[PDB]
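K.L.:
let me start by giving you these chains from the complex, positioned as in the assembled structure:
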Amino acid sequence: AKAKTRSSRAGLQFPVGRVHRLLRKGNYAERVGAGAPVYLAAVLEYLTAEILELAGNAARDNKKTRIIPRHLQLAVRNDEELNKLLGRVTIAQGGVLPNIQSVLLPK
Amino acid sequence: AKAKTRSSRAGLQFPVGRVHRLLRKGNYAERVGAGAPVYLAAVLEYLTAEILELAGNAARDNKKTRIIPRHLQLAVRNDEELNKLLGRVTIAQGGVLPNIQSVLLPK
Amino acid sequence: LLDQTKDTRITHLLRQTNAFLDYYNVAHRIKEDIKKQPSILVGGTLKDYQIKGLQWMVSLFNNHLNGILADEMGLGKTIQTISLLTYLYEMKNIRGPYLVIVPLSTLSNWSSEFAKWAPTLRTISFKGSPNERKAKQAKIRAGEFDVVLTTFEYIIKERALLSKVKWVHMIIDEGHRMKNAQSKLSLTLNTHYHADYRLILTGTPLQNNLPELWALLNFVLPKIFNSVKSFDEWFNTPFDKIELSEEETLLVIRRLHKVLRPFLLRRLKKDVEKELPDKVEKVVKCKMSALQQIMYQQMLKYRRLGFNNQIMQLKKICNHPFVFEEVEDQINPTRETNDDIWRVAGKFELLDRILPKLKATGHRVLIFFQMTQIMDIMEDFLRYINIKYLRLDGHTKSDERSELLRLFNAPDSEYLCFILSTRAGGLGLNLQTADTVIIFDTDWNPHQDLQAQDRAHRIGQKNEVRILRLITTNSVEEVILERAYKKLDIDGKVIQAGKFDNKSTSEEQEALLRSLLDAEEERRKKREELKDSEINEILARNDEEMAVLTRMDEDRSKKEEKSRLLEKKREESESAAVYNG
Amino acid sequence: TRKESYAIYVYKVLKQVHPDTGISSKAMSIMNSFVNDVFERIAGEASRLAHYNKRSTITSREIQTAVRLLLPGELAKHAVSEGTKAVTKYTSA
Amino acid sequence: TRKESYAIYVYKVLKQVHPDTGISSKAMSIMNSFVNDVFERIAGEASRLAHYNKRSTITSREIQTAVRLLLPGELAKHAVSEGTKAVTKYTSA
């Protein structure tokens, strides 16, 4: 009867049990499923590694080992669909990337 | 042991029991209160009689006994805060009240 | 024996029409019989069947009740209809009011016959723009009218007039367009208020599903309204093989013919005018082709075996191989007409033999289409063979319909195959020239016999009528044939009905009625590719046509004609439908 | 076959406000879904509003702050007057 | 005193994606509330999504249509590939 976390059975990081019990007590539904928190863990893996990966590419572009919320905003708004989902929501300390209008600059 | 609806104890129209059980089975909270569905019934009384009253004033202005969704849109948008709450949401068959821009009309 | 109790049930409800303004004796209790036509009748004479039909409508006039004229098109229904209008205008001196309802396509005939037969009757016609309609709309409200024309589509728009006014005798036409129960035109008649009397008039008997229960078997007659609404379930199961449908149900159906004696009247032209010597009804059986081979049945495997399987994956692609044209770029990516694109279909292959021979033998062919997408594709490849022809459709807008016929009826005209649909023309097209008819797919309702054949069998064609009905082996349109043709031939008792629903010589409803009851044994016999040379013999009318086809044979039989067909080119099988689904 | 709506409730409101005024079916439906949606905002926001403090049961104060925070303006004061008036009238018996 | 956060989870994600890249506390917090809010949208919309059909229990299909309907674009296809891949990997054992 060895205890083995079911989150490691799928080879993931975010735990299935914490999101499972949190979804239970979160009064979202009167019951819960089995593979639903596993699928949640999966999409959290791919999204977290997605935006974290673009953040790593931005920090590598700026020659910085660590990451900055500036690089987070640049990574978000650079991507098309990622900024399409986050276009309505704002950010904290991220800012606005440099942009110059067409006729605003002189000849 | 005479049965007397508790909605009539407050002298209201919308029932306390239907909104109470509906709020229970509506999985909004793990438990429910006592006077909460009564307060819900009250605000439904004042809001329903509010917008229904402005609708009655609009139908009386147009010399129509019954009410029309046109008169509903006119009643909503005429009021300041009532249109402020409903400004984001649209309507069905209501339409747009006549409006003329300043310089759009000739001299 | 439920119809025997109906003899006593009529006496209560029979006086609704008379007082409030044995089924023989109750109908025969009053004596008025006049055989002679009216003296004011001008413009021709009445045939023996028109004289009796007149008095037969006078036999209806005995107790004044409603009646039905079910007879065949081409017998001059207009003559028999205008006869009663001028007959009652004279004898009984009631002089009106009279109301007639005719379709707009045939209204030109009804409006033109008011000159010859009845000059003295002032009429009214509503057609064209509402302003021209308003001209006679205000004139009739003053009380000026005798017989008023109108069509079906304006009945809902004539509600103004008919609601406030009141009529006596109304007459209609096209009684088998009334066949829709819930139809507004059926509901407007109840909204129409009422009148004294009426004559429901149809050109063809009951069609499609179980025999007509809504109007002739309910709405027309005083006892018949609510009576059979309870009996509707009992007589519907009549229509366990020999015991039901033959042994006992015989007299059960005979009681259905027993109650309809005074009501319906139907007489064929072959029993009165008999100008047509006879018809010829053959068939043909083809097989599949490249796209129509098991790939066809395989196309049923993709979708089910969009939606509407009968329409989409069956009726469409059984005639022409590729439909909706998305798969056209697969077999033929150039979408350009070239040699033998139209011969890859099984149903279409047979026509490659007949079209060359009909030109040398000088025969003119009538064609009726379904699935109007086939109409253009047919004509398109018909440019490749380079033979003359003429088109038509429901989009003609009624203008060229009458004009194109004078170009078709020209004797010097080499136009042969004549394009038509089944529902187009309203049977008023009046084509006596073409002696040959071919049909690609079966029609569900008998109108295929009651429309397409009325183009041939009508007066003016003295030659033999030929019909070619296409079918393929192991296909879906097979079972429709038995369903359309065979299973709906219960109306064969109805086409037999009018024979003994007429003057009805005694031997007709027993001795010669059994002859029709001997036709069901061949149904089991038919229930149990052919050859291009086998059809070669049956398409020739006489001996000198047999001699010229052998000369045409030796010409095309020396040279090969590729092959007669084309087979599935093996790559299009799995490549076609895997990218669509 | 089985459906539920306020209906005669709102109709009696019309009878006690404007007796001579009528209402159509489309108006009863648009006001039906109107009050149902307003209730969806009140209870929907009151859910997480009670979830902030980790309070299991919902009470009249949760709905109070709920609808008071929902619609801005002076209308909330009338909501407090009529609402709390009905609360005291209900608890008084 | 008692607080919960993903933390070392996201940190190990960083270790398995970009080992040489570091993360600050503000970044761990903004991505913490980021994934918590994205989960709030997925489960929050999945609640009423399962409420439309009157289905009491929530399943993997409810979350499937939930997040698939949440974010538009081609990203949903990768969400289906990785997500259903982890579902089949979990149910396979």
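P.N.:
Great, that's in hand. Numbers count the residues shown, from 1 in each chain, chains lettered A, B, ... in the order given.
K.L.:
what about the residue of the stretch 51-200 of chain C found nearest chain E, how many neighbours?
P.N.:
Closest to chain E within the stretch 51-200 of chain C is residue C:182: 34.7 Å, counting by Cβ to the nearest Cβ. Where you see a C-beta, it was placed from the backbone N, CA and C, and this is true even at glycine. Neighbour count of residue C:182, defined by other Cβ atoms under 10 Å in any protein chain shown: 7.
K.L.:
phi first, then psi, for it.
P.N.:
Torsion angles at residue C:182 (phi, psi; degrees, to the nearest 10) stand at phi -70, psi 0.
K.L.:
where exactly do the helices run in chain D?
P.N.:
D:8-17, D:25-52, D:60-70, D:75-91 (DSSP state H).
K.L.:
could you dump those helices to a markdown table with distance to residue C:369 and mean neighbour count?
P.N.:
What follows is the helices of chain D, written out as a markdown table (distance: least, Cβ to Cβ, whole Å; neighbours: other Cβ atoms under 10 Å in any protein chain shown):
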| stretch | distance to residue C:369 | mean neighbour count |
| --- | --- | --- |
| helix D:8-17 | 58 | 17 |
| helix D:25-52 | 46 | 18 |
| helix D:60-70 | 65 | 19 |
| helix D:75-91 | 69 | 17 |
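K.L.:
which stretch among the ones you listed comes nearest chain E?
P.N.:
helix D:25-52 (9.1 Å).
K.L.:
spell out for me which residue occupies the centre of chain D.
P.N.:
Nearest residue to the geometric centre of chain D (Cα atoms, centre = their mean): residue D:39, 5.7 Å.
K.L.:
up against chain D, what does chain A have?
P.N.:
Within reach of chain D by Cβ under 8 Å from any Cβ of the partner chain, chain A has these residues: residue A:27.
K.L.:
residue nearest the middle of chain A, spatially speaking?
P.N.:
Central residue of chain A (Cα atoms, centre = their mean): residue A:48, 3.8 Å from the mean position.
K.L.:
am I right that that one falls within a helix?
P.N.:
Yes - with DSSP: H, G, I helix; E, B strand; the rest coil as the criterion, residue A:48 is part of a helix.
K.L.:
what sits against it?
P.N.:
Contacts for residue A:48 (Cβ atoms under 8 Å, 6 or more residues apart in numbering or on different chains) come out as A:13-14, E:10, E:13, E:31, E:35.
K.L.:
onto the same structure, chain F please:
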Amino acid sequence: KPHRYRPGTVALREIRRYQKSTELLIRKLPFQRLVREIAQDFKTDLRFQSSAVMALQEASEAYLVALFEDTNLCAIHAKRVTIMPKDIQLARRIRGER
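P.N.:
With chain F added, the chains above now look like this:
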């Protein structure tokens, strides 16, 4: 000399006649085959009630009316009455769509 009107007055009478009436404006069946045609691209054989066609038709109808109204305010603010692609793309740009 025939009868005419000064340019723009007929437009006033129209705008009053439409804004005064609540009747449906755009035509049903073109919207029907529009929704069916664009819906055929996603999934096969969708069944549409007329109530849903009135739903989406009136929704996008009135919202699009609000789009021409917002575009009209941007145009009158632009000092040029004529609406161009620029003020309407600025309307859908400020609305937060693209």
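K.L.:
now that chain F has been added, could you go back to the neighbour count of residue C:182?
P.N.:
Residue C:182: 7 neighbours (other Cβ under 10 Å).
K.L.:
and it, how far from residue C:190?
P.N.:
Per Cβ to Cβ, to the nearest Å, residue C:182 is found 12 Å from residue C:190.
K.L.:
show me what contacts residue A:43?
P.N.:
Under the criterion of Cβ under 8 Å, 6+ apart, the neighbours of residue A:43 are E:42, E:67, E:79, E:82-83.
K.L.:
just those now: which is nearest chain B?
P.N.:
Using Cβ to the nearest Cβ, the contacts of residue A:43 come closest to chain B at residue E:42, 16.8 Å.
K.L.:
next up, the contacts around the closest one.
P.N.:
A:40, A:43, E:63, E:66-67, E:70.
K.L.:
now the helices for the stretch 101-250 of chain C?
P.N.:
Remark: helices assigned in the stretch 101-250 of chain C by DSSP state H, counting those that start in this stretch are C:107-116, C:130-141, C:159-164, C:184-191, C:224-236, C:242, C:249-259.
K.L.:
ugh, wrong one, I meant chain A
P.N.:
A:6-9, A:16-25, A:36-61, A:69-78, A:80-86.
K.L.:
closest one to residue C:144 among the ones you listed?
P.N.:
Using Cβ to Cβ as the measure, helix A:80-86 is the one of those that comes nearest residue C:144, at 74.3 Å.
K.L.:
residues in contact with that closest one?
P.N.:
Under Cβ under 8 Å, 6+ apart, the answer for helix A:80-86 is A:50-51, A:54, A:75-77, E:70-75.
K.L.:
what about these, which one has the most neighbours?
P.N.:
Most crowded among the contacts of helix A:80-86, counting by other Cβ under 10 Å, is residue A:75 at 24 neighbours.
K.L.:
if I look at the closest residue to that residue other than its chain neighbours, how far off is residue E:86?
P.N.:
In this structure, residue A:75 finds its nearest non-sequential neighbour in residue A:54, 3.8 Å apart by Cβ to Cβ, 6 or more residues apart in numbering or on different chains. Noted for residue A:54: a distance of 21 Å to residue E:86, by Cβ to Cβ.
K.L.:
centre of the chain versus stretch F:78-94, how much separation?
P.N.:
15 Å (Cα atoms, centre = their mean, to the nearest Å).
K.L.:
now do stretch C:226-241
P.N.:
Counting by Cα atoms, centre = their mean, stretch C:226-241 is centred 26 Å from the centre of its parent chain.
K.L.:
let's bring in chain G now:
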Amino acid sequence: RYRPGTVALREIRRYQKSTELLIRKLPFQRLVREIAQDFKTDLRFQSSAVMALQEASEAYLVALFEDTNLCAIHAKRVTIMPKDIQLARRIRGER
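P.N.:
Next up, chain G placed on what we already have:
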């Protein structure tokens, strides 16, 4: 010297390039405390909440000058007036 407007370009690039905070903390501090004194007495404010609201209204207000800038360039006049910004808050659905 410099041609008029070029210094503005160099500025805009320097700011839009940097993510650092712009408006000053303490004026916003006594602003929130002063406007908050009108509603309720003795409110306690953490610096994290001051950064919260300050960065929120800061970036959103930047979006207001950006939207107003697009309305200005569409107006054919580069200069922003009360009209295009009140039209910005009007189209945003505030008043």
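K.L.:
now that chain G has been added, could you go back to the contacts of helix A:80-86?
P.N.:
A:50-51, A:54, A:75-77, E:70-75.
K.L.:
okay, buried residues for that helix please.
P.N.:
Using 16 or more other Cβ atoms under 10 Å in any protein chain shown as the test for burial, helix A:80-86 gives A:82, A:85-86.
K.L.:
got the residues of chain F near chain B?
P.N.:
Chain F comes close to chain B at residues F:6, F:8-9, F:12, F:16, F:19-22, F:55, F:58-59, F:62-63, F:65-66, F:69, F:72-73, F:76, F:81, as judged by Cβ under 8 Å from any Cβ.
K.L.:
now list the buried members of the residues you listed.
P.N.:
For those, buried by 16+ other Cβ under 10 Å: F:22, F:58, F:62, F:65, F:72, F:76.
K.L.:
for the third one, which three-state class applies?
P.N.:
What that stands for is residue F:62. Applying three-state DSSP: residue F:62 is helix.
K.L.:
where's it relative to residue A:91, distance?
P.N.:
Distance, residue F:62 to residue A:91, using Cβ to Cβ: 33 Å.
K.L.:
apart from its chain neighbours, what residue comes closest to residue C:34?
P.N.:
Among residues not flanking residue C:34 along the chain, residue C:58 sits closest, at 6.0 Å (Cβ to Cβ, 6+ apart).
K.L.:
which among the contacts of helix A:80-86 gets closest to residue A:2?
P.N.:
Taking the contacts of helix A:80-86 together and measuring to residue A:2 by Cβ to Cβ, the closest member is residue A:50, at 33.8 Å.
K.L.:
contacts only, for that closest one.
P.N.:
By Cβ under 8 Å, 6+ apart, the residues touching residue A:50 are A:82, E:75.
K.L.:
so residue C:268 touches residue C:496, yeah?
P.N.:
No - counting by Cβ atoms under 8 Å, residue C:268 stays clear of residue C:496, with 10.4 Å between them.
K.L.:
between those two, tell me which one has more neighbours.
P.N.:
More neighbours surround residue C:496 than the other of residue C:268 and residue C:496, with 19 against 16 (other Cβ under 10 Å).
K.L.:
isn't the more buried one up against residue C:516?
P.N.:
Yes - between residue C:496 and residue C:516 a contact is recorded at 5.2 Å, counting by Cβ under 8 Å.
K.L.:
reformat the buried ones among the residues of chain F next to chain B into CSV and put distance to chain E and secondary structure next to each item.
P.N.:
What follows is these, written out as CSV (distance: Cβ to the nearest Cβ, whole Å; DSSP: H, G, I helix; E, B strand; the rest coil):
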residue, distance to chain E, secondary structure
F:22, 31, coil
F:58, 22, helix
F:62, 24, helix
F:65, 25, helix
F:72, 30, helix
F:76, 34, helix
